[PDB]
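Residue numbers (PDB author numbering), protein chains in the order written: chain A, 3 to 113; chain B, 776 to 824; chain C, 1115 to 1177, 1190 to 1211; chain D, 9 to 50; chain E, 15 to 78; chain F, 590 to 662, 675 to 711, 719 to 737; chain G, 1260 to 1308; chain H, 247 to 393; chain I, 679 to 727.
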Amino acid sequence: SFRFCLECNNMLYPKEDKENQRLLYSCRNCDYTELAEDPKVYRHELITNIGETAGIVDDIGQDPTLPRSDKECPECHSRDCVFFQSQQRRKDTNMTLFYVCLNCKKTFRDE
Amino acid sequence: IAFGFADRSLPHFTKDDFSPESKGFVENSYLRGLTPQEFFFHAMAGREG
Amino acid sequence: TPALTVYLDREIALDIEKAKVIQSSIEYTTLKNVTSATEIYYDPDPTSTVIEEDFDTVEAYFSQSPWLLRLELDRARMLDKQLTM
Amino acid sequence: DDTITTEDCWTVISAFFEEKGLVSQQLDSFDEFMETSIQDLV
Amino acid sequence: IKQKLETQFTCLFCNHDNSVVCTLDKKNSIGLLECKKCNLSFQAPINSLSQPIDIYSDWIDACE
Amino acid sequence: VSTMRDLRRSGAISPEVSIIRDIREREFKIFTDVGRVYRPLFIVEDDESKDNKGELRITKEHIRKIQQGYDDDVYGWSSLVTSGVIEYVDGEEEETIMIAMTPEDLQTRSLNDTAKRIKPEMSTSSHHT
Amino acid sequence: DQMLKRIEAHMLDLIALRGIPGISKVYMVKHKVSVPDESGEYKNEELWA
Amino acid sequence: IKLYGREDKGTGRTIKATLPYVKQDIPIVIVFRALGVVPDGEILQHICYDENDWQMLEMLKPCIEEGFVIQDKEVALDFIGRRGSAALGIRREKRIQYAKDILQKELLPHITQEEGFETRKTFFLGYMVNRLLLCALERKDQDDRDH
Amino acid sequence: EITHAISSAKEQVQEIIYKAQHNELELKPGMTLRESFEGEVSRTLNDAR
Ligand SMILES: [Zn+2]
Ligand SMILES: [Zn+2]
Ligand SMILES: [Zn+2]
């Protein structure tokens, strides 16, 4: 995640300081320079499994269109719960369904 | 039969069902008559053909 | 559907492990396959690193531009390709 | 009150038909056109 | 790579249309303009987002 | 959304007005456009607070009143619609709802005739709304 | 900084560990083939390919 | 709108817009700046709403990088007015105003046609581009045109 | 008999579903878990009919 300058509102561009040989966070339309906590500059992944458990909405318990289920709820121990599958459109999506309860809203896998 | 509606082929079925009938299996025959869902799946196939 | 009908050698044609070896050698492979995750670091120290995911590994391994080009590979996929990192 | 039979639905349909008719939407849009469209465009 | 542009732009001095030649030179981020009739030239910094139309706009903003 | 649903159900808002809430997308779209299409639907009362829960709002009283065609203190189709027993649905509205493909199907059922079509099992979800 | 990411992206693709290029995948296929037999008749023969 | 740049090809994953009565595409940041929000912080706010989505941030990053030359509404506008498909010789005097006109008029007229609600246009544009980026990530289904 | 066969086939399909959903259904060559699932289901239905 990349952030901007608080007062200049322009993007912080991390420029090296060879004299101290450290990482910084330097804007360009201003001169506000701040130290970089982690020497990481940019990070990118190849295999993505993020967003499968981050696409959660609270009011999902109020939808009747979704099927109900007697799948025992790990937390609320109810026997009337809905279940669905990840929203990811990747061709290789593995359909280990994200069973969701009326209350817990937890993406639990009982496998 | 695909999910022409969001996450389901028909509003009369729940979301995320996969039973044979739930995605376009006909169990009846013409003599037995066709329930509306299987009728519609057959109609889709015929239009396609 | 571009494809090739390939006939192996007589001994291989009746053999399976040799056939798999020949397939693996033939099937095209790249780092992207075995590559898993990449992480660009400004590692100021040419002689060491300030990231612990490899700190001990570099210490036992170590015994210019300071910016670090660090990446991760996929062991499961790496061995799927009959190769080691 | 009791369960709703099928002929209940058929008479439902008959009443709906008698109100609206087959050309209902046709006359509706034609009337709304003559009513509001002309002045709005003018 | 230099790109001579014998454009259709009309220059204000000799008032001849298609007399403006907008040769863009991004090497130094510095533009170049030429006329084949009165030989007037214009200068303006050129970012990665400047075009002969933008150059002509800068010329009008500068001369007049 | 419940409030506006009931608002249109009374007839306060035009039935043609389409009201769609997207739970997953955290979106709420309302349409009142010309050129939209719609078809009627029975309203299965689904509130978990009364007997009509999972049951039709329409009743044989409305049937009698229509057979009269008058109101027993004109009682027409639009009267049924306005009373809140009958709603339309456009193509997009059809998606976010669960309909009972037959009046029988509203009540969860409990035979073996070779001269008839076959109804669905409907067992994957022990609960229906 | 930008040079480092350019190098990262450049290497991400331009390193082929093994295999003939242009071959996304290969399949281990078995094959039956009629084979003349020593006595003179023909014998089919399951064989990898 | 269109997601310029291919996956690690075409340089960054940039985006440029297509407009009525124009002849060229423009970086999306530029049209944001000509509409009032020159800073990229407001642009990202109106566009990205889950800052945790660093992936969104880095797909838009080339768009942000390329959006540093324009820093105010007038340069963004004359820039835009330079590509307004109009005649030759409008000069910055009227070019900026014509650009602002086409930013207001001919642009999302169904949203607003008067002044003072270009902020509404910015918010709606940010939402639309957010949908575009979600689709590029393909975390959601492409809107079935047959629906 | 037809109904018993249909019940058995639908049971096969349901067991295939329980198989795939618990991340237990084997992958077909060059054909995804979703695509393998679809193929197995289709084969089961063809066998049933
Ligand atoms: Zn700044
Ligand atoms: Zn629960
Ligand atoms: Zn001249």
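Every residue, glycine too, gets a C-beta built ideally from N, C-alpha and C.
Against residue i, what residues of chain B qualify as contacts under a CB-to-CB distance less than 9 Å, listed in chain order?
i, result
"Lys-688/I", "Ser-794, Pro-795, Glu-796, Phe-800 and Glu-802"
"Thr-67/A", "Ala-781, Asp-782, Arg-783, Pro-786, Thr-789 and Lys-790"
Is there at least one non-hydrogen atom of ligand 3 closer than 7 Å to the beta-carbon of residue i?
i, result
"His-356/H", "no"
"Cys-36/E", "no"
"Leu-334/H", "no"
"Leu-47/E", "no"
"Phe-27/E", "yes"
"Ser-33/E", "yes"
"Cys-52/E", "yes"
"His-30/E", "yes"
Secondary structure at residue i, three-state DSSP: helix, strand or coil?
i, result
"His-651/F", "helix"
"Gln-388/H", "coil"
"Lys-724/F", "coil"
"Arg-625/F", "coil"
"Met-709/I", "strand"
"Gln-17/E", "strand"
"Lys-255/H", "strand"
"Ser-607/F", "strand"
"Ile-272/H", "strand"
"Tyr-659/F", "coil"
"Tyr-689/F", "strand"
"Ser-71/A", "strand"
"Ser-638/F", "coil"
"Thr-1152/C", "strand"
Could you compute how far the alpha carbon of residue i sits from the alpha carbon of residue j?
i, j, result
"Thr-55/A", "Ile-619/F", "29 Å"
"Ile-647/F", "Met-374/H", "42 Å"
"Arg-1277/G", "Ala-1117/C", "19 Å"
"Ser-794/B", "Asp-1200/C", "36 Å"
"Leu-1195/C", "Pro-16/A", "16 Å"
"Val-1292/G", "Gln-1137/C", "21 Å"
"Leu-1306/G", "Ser-1298/G", "21 Å"
"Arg-30/A", "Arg-338/H", "27 Å"
"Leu-8/A", "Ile-274/H", "23 Å"
"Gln-65/E", "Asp-390/H", "38 Å"
"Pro-285/H", "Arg-279/H", "7 Å"
"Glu-384/H", "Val-719/I", "27 Å"
"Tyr-696/I", "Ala-1133/C", "34 Å"
"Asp-36/D", "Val-50/D", "21 Å"
"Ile-1165/C", "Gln-89/A", "34 Å"
"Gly-708/I", "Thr-1115/C", "13 Å"
"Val-59/A", "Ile-608/F", "20 Å"
What residues of chain A sit near residue i, judged by a beta carbon separation below 9 Å?
i, result
"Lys-1146/C", "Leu-48"
"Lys-1284/G", "Under the 9 Å cutoff, chain A gives no residues; its nearest Cβ is about 14 Å from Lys-1284/G."
Can you tell me whether residue i sits near ligand 1, meaning its C-beta is under 7 Å from at least one heavy atom of the ligand?
i, result
"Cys-294/H", "no"
"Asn-298/H", "no"
"residue 667/F", "Gap in chain F between 662 and 675; residue 667/F lies inside it and carries no coordinates."
"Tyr-15/A", "no"
"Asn-51/A", "no"
"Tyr-34/A", "yes"
"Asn-12/A", "yes"
Is residue i close to ligand 2? I mean its beta-carbon at under 7 Å from any heavy atom of the ligand.
i, result
"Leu-104/A", "yes"
"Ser-734/F", "no"
"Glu-796/B", "no"
Going along chain G in order, which residues have a C-beta closer than 9 Å to the C-beta of residue i?
i, result
"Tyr-44/A", "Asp-1260, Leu-1263, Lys-1264 and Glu-1267"
List, in chain order, every chain G residue whose beta-carbon is nearer than 7 Å to that of residue i.
i, result
"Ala-1133/C", "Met-1287 and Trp-1307"
Would you mind telling me which residues of chain A sit closer than 8 Å to residue i, beta carbon to beta carbon, in chain order?
i, result
"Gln-317/H", "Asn-31"
"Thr-1149/C", "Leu-48"
Below 7 Å on C-beta distance, what does residue i contact in chain A?
i, result
"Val-1172/C", "Within 7 Å Cβ-Cβ: nothing; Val-1172/C doesn't reach chain A, min ~14 Å."
"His-651/F", "Within chain A, no residue comes near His-651/F; the closest Cβ sits about 24 Å away, beyond 7 Å."
"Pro-1192/C", "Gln-23"
Determine the chain B residues that contact residue i at a beta-carbon separation under 7 Å, and present them in chain order.
i, result
"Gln-87/A", "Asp-791"
Starting from residue i, find everything on chain I with Cβ-Cβ shorter than 8 Å and list it in chain order.
i, result
"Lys-93/A", "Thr-710 and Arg-712"
Can you round the beta-carbon distance between residue i and residue j to whole angstroms, since I take them to be within the 8 Å contact cut?
i, j, result
"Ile-1140/C", "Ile-1282/G", "7 Å"
"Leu-334/H", "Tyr-70/E", "7 Å"
How would you list, in chain order, the residues of chain H whose beta-carbon sits under 8 Å from the beta-carbon of residue i?
i, result
"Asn-61/E", "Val-315"
Just to make sure I have the definition right: I need the residues of chain F whose C-beta is within less than 7 Å of the C-beta of residue i. Which are they?
i, result
"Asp-10/D", "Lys-649"
How would you list, in chain order, the residues of chain E whose beta-carbon sits under 7 Å from the beta-carbon of residue i?
i, result
"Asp-324/H", "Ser-71"
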